[PDB]
Structure formats: structure tokens, C-alpha cells
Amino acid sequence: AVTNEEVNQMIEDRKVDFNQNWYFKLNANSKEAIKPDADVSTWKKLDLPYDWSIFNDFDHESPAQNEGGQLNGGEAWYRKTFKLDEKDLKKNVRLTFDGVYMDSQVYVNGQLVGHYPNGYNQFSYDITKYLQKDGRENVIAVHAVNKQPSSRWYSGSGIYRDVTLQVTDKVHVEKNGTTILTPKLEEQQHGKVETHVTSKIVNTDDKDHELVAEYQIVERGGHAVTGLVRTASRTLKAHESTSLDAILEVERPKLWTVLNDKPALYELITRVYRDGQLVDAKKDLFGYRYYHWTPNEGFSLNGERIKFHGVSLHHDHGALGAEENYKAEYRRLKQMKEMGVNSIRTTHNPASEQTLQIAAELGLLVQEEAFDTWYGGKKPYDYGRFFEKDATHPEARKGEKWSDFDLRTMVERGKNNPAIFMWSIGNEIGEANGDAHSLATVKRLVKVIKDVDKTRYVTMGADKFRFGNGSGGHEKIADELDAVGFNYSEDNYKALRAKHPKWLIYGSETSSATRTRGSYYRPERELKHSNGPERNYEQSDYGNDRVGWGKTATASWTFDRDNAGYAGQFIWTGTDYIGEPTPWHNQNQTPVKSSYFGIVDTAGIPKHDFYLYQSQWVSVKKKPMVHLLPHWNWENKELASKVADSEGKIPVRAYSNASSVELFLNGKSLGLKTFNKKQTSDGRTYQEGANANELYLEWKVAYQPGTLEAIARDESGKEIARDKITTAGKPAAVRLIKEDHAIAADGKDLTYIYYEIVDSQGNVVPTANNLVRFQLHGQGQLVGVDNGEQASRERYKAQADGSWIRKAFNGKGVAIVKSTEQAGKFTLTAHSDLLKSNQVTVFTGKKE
């Protein structure tokens, strides 16, 4: 008899991590790459993922230009050899790539399996017929090409996401074969909820077989919530496929939501029987949630009205480059969640598996975006050139173009993930102008999605709405969407809303405020696209710089807050990313190589607007807070002259979700100030400062060195939070700050250790740029160093002599250390010239 234990083992064994033991060579000879018994002594042995570009030096002559981060691409081969276990000799074998950038070719045993242009969409190949008989070694060779320029942001190059192997019986649930629907959830939620499941089953055998599917639903990390539900036994013919169906009932399921930080998730277990023998078993993640959206009230989730407090995110992880990593993406998404973010937009490409899983786990709604261009292109070597070409993937359907195939497979991949609620079929598509070609195209793409999944809003992000009054032919394209995304179009919302009263409208992309951490300039002014030499390649952490087409955090948020019919926004961006260093865009001889748009810097350190947003989006009951800016080191006349008002006072500002804030300088009160409480036209309560354009409270403070302390209080006058800033003396030491006391010894988990330049009393020196040198000992591996400074041209990776160094920027930076597969510990030591050295130790071992 097959025990539940055996079924769970079968599920685990069905899919394996195939990232280990690859060989990499830039510009490798094609014939050596694909052939048996190649000499790999000149190749780099490594474990995936591996983005080769992040290891380059910045290049002012890079064909990527600074928009692409001035890190070159080129072409490379990755090669791996493997053998099937004796028991797996007759099994079906599928190889899945979560992302390869880009224009890839996969070879198995000297033969071309497929060519796949898309740099971000997951793709997979059934490689069974290509493998050797009798368990002799197989060779996989992957060619990746990044011919530049191909991108408006840093892409990275190569196999930058996971590769997995599925080994299954000849009769099996096909790739993305599971559909899970809860069509009557709202009505049924207080009793038995019908859960409609569908399995696409394939018989790859040359014999007919009798087929039965058996299902059970379980709480993820919890218990069973159904028994086994069985389909009627039927024949599945040789080389044929079929869809089996069942309905399971789950009583009073916990509903997945963004309103908590560990939302409920479930798994469907599928057991497949061939002639009465269990041959295939798998699980599929899903959740129970429903939502609704109306023109005038916007969005609701499980009956609760919310706004999308969203961010747009690019894929890179700073010093990790394009390398996707669960722990890195977890840190980032949890950080967005700590801010009050409840949703994300994967701008402008399919998401990794890690991103999608973590969003489901943390409770973040997701818009996953297929395209940055259609047939027009934006950069010569981007996806545009492939968009209407015939798809040559071995599993593409007749007549499918690449755009059809890529969009379909993205949707089929993610259709059960409860976090995804929107599919975007394009961002700022210039050619989508309402002409016959673009109109045909929008309807074709909408239909590709609706044939797979009707439960999610098909959308686009459109900046065309910001020009003039926002009207034009593009309106016909918007009419074909479930929901219309406005990029930077607040100014035309009122008119577009009166014109199109049935549209579901939201800000697909907003703000594009530009900021450098710890840099301050002219807080009394709003600065528009201010990029003169007097700026020193920095933007203001007061949040008063924004691009020509952009808005400040305050202006973009207050508009959203005031308008119920504008359902939310996805801020450009939640974090900085490599490339696009507007407002120095493609000024290639300047130092800049990474973005200013992020609320948080590339090193994972929040800029001040993080706390502005937190004060707006996180309830005083959940996390009472107060945050002061700027720093309190104003000895430097040049720095101070750019900040001080006419009376020479420093504008000190507090963001807080409390009722009042009282500022003290060296223990002396500078006066309690109280937020003005107000209501939106539809009765929503909010707080503001001295006027509608100020969400902070402000004091003009005559500079006296010492301590500024802010006391935040509830309406009854009880202290609920404080913040404080202290004038630092001269650098005296480097201090290391551990995020984790321990991590898993799985060779995948990692940790972020911050370094700070401190004075002799342990105050961070807010202007310090001292060079820090790092040593690592023990069971760890340094994998990155960063300080988030846009103008920096420092390496993120090891120097050419193997050493690891990085300057502080405005007192701070981070070092990233990955675990090995051995338990133990690692010690990070930091040194700096004439300063005291410091070390921390992080343990490695058991997960959880």
C-alpha cells in the first residue's frame, strides 16, 4: 500500500534543483561547448544562477550606455554533464529555465532542443528523446546572448534565475497542467467552498493506459482539509493528452489577503494512477480570495476596500546583479511590506518563481507584466524584433507568434498564484496608438490571456494619457482592457474619468521622484529635472527632486488619497536598480551608473521618503512611529549653505503616524506640533501638516550641535514613539550590524551585514565615505558589497586581486555573505585606515 509518506516523497523527488556543477565560458567555441568530453580546464566551474555582467568593471564606452548600467554583455556558453539514475531510465525528463537573458539556445547531446528569445519569461523543454540510452553521460550546453543595447535598465546576462529538472512517469500532469478555481467563493465562504480543479494529463507512452486522478487539498504547512476525491477511470491513448476535472469542498477556508503578513495558503495534491498504480504526484500552491473593482469606489479584497499602495520593481538585487535569490527577494519584499506596501508591479517583465512565491507568502498583490514593447521595439536588441515572429518552441501551437507563446505560458505558469491579480500586456507601448495594427494586437493578446484565465484584470501601463488632455487614439486600446493603467497622468484623471465613466482606473506608474540617501538640497523648493554641475550627481533626500514628467511622493500620494475612483498606484520605484540614472540619463562620460528613483537604495537602506510612506500607509495602532530628517552635522559650510533657510536655520521635519510630535534640541523643547485631521470627499480620514502640500511637521532649528529628539504622542498625550539624531564627531571606528544571528547552511541562504563609520561615542558619521576592507573566515562566501551611491563606480564584487573593499557612502554600506552547505559559522571583519576594526560572527546550520 502507498502511504501518505510515500506520496509526499514522490512529490519532492518529482522536481530537483539543477543549479549545481555547471561550467561557464565567455565567448566559448560553439563546437567545444556542445561536444562530449570537452576540455573545461579553461572554463569556470560554478553553481547557478550566474549573471556574468555584474563581475565586469563599469565601461564609459559600454554599448549598454548608462541606462543599462555601463556593464557589458556579449555571449557565453554554460555546460553541464549529468546521468539519469538506473531507475529513471524510462522516465520523461523536463528542464525548466526560470530566466535566461537572452536569445538563448539549449543543446542536449549535440542537438539543438530550442531557441528562446525572451530574456525574462520562464521556459522549459522536454529533453527525453535527446538523452543517451543506458545511463551514459548527457551534455547540456546553453548559449546566452546579450547583444547591447537590449534594455532600458540593467538586465544582467546569462542564466540569472534557477534551472530545475522534472523527472516523471510517461503518464504525468503536464507542465503548468493544473487549474484551480473558486468561482463561488464570496457566496460560499461561510460554509463549503467548491474548489474546481483541472489537470492536463499527458500519456507520452506508445501504449494506451487506464487513467485515474486523485485529489486532496491541504493547508500549506497545516493539515488536510479534504479527503481524497477521485475521477472516473478512463482510457488515455498513446501519445495523447486529456483534461481531468473534479470539485472538492473546503469548509470555511481562511482567506488569503494583503491585510496580514502571513496570509493563508493552500496546496492541491494531485495523485496520478496508470492502470491502478500511482505513477505521478505533485502539489500546486493556491489561495482563497475574491475581489471587486468599480469605477468610482475602486478596489476591494474579500469585501474590504483598499487602495493599491504599490511599488514598481526591477529584477536586480544591487551587488548581486541579476542573480535571483530567495533570501534577497524576501528581504526586499518584507521591507516593502514594513513600509505599508500591499502590492507590486513586475516592471516590465515576467517575474521569477521566488518573487511570485514570496508575494503569496507575505501578502502582496501582484501585477505581472509581459512586455516592455510590442512590434515597434524601444532598443535595437530588445524583444520588439521577436514579437511577431513565429514561435519555434517545440511546444508552440500552430500560428503562435513569440508574443502569443510567451504571454500564454506566463499566464499558465501563474494562474493559481493567489497574489497575482493583474496581467499587464504592455508598458508605455508607443505603437499602441489605436491604429488597426495596434487594435488587432490588443484584442489578440487579451484573448490569449482570457483563453487561459478570466479571473484577473488584463491591463497596460500607459503614459499617453499625460500628454495634452490625455485623449487620442490610444483610448481605443484602453477600451479593450479590463483595467486602465495611467502612467504619470494624474493631471488628466478628472477629465478622463468624466469622459470614460465605466473605466477601472489606477496609477500603473507614478512619482519618479529622484533621491540620493543622505544628500540634501534646497528643501524650500521643488526641483524639476535638476541636473546641473552644482548638483554633484546627487538628488535630495528631502524628496523635493522629481523628473520633468514626475511628481513628488507627496503630490502623487495626495492625489491618489483624495480620489476614490483612482484605485491606487505603483510607485517608480520601490528600490533603486542598476542603470537608468535619470536625471543624468545617457550622459555617458558622467560617473552615474544606477538609479535615483527608489524609495530604498540598492544596498537595501531606506531613504527618508520610506518613512513618509510608512507614516501614510501603516496605522498608528499597528506600528506607531516617527522619523526625523535631515542629519545633524552641519559644520560643513558648503553642505549647510544648500539647506539652511534665510535665517540660517535647518528645516527639520518629522514623518509620523501619531497625533502630535514634539521636537527637543539638547533636552529643550522646540514646541509640540499637531497634525491636522481631515476627511476625503468620501469620508476617509487622513492627517496633514501646516498645509495640504506638507505631510510632515516642520521646525526651523538654529544649528546647535547635539541631540534632536522627537516625541510622538497619541491624542490623549501618551508617548507612543520616538526618534533621535545626534551630531557625530570624527570617524573613529567601523561598526558592523548583523541582520541575522544565523542563516541556513544550504549554500543559498544569505545575510546582509551593514557597516557604519562611527565616531568615538558610536554615532554614525552621516557624511563619511571612508574606504572599508573586508575579511571573511569560516563557512561563508562574500557575494556583494554596496553603498547605494548613484555616482559610485566601485565594484560590487571582489577586486582583481581577490580582495573585498567598499567605501561607506554617507556613513553606511552593506556586505552580503552567502552560506555554504557546511554548518558552522563565518566571521566578517571590517577594517579602515586609522579607524578601529570590527568583526561579527553569524552561525550557519539548520533552517527555520
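Counting begins at 1, following the sequence as shown.
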> Can you tell me which stretch has the higher mean Cα B-factor, 209 to 217 or 367 to 375?
Replying inline: 209 to 217
> Of the two stretches 508 to 516 and 706 to 714, which shows the higher Cα B-factor on average in the entry?
Replying inline: 706 to 714
> Going by the deposited entry, which of 398, 337, 331, 289 has the highest CA temperature factor?
Replying inline: 398
> Out of 735, 223, 314, 161, which shows the largest CA B-factor listed in the entry?
Replying inline: 223
> When the modelled residues of the chain are sorted by Cα temperature factor, does residue 823 land in the lowest, middle or highest third?
Replying inline: middle
> Compared with the other modelled residues in the chain, in which third is the CA B-factor of residue 29?
Replying inline: highest
> What third of the chain, by the recorded C-alpha B-factor, contains residue 111?
Replying inline: highest
>> Based on the deposited C-alpha B factors for this chain, I'd like to know if residue 62 is in the lowest, middle or highest third.
In response: middle
>> Please say which third, lowest, middle or highest, residue 522 falls into when its CA temperature factor is compared across its chain.
In response: middle
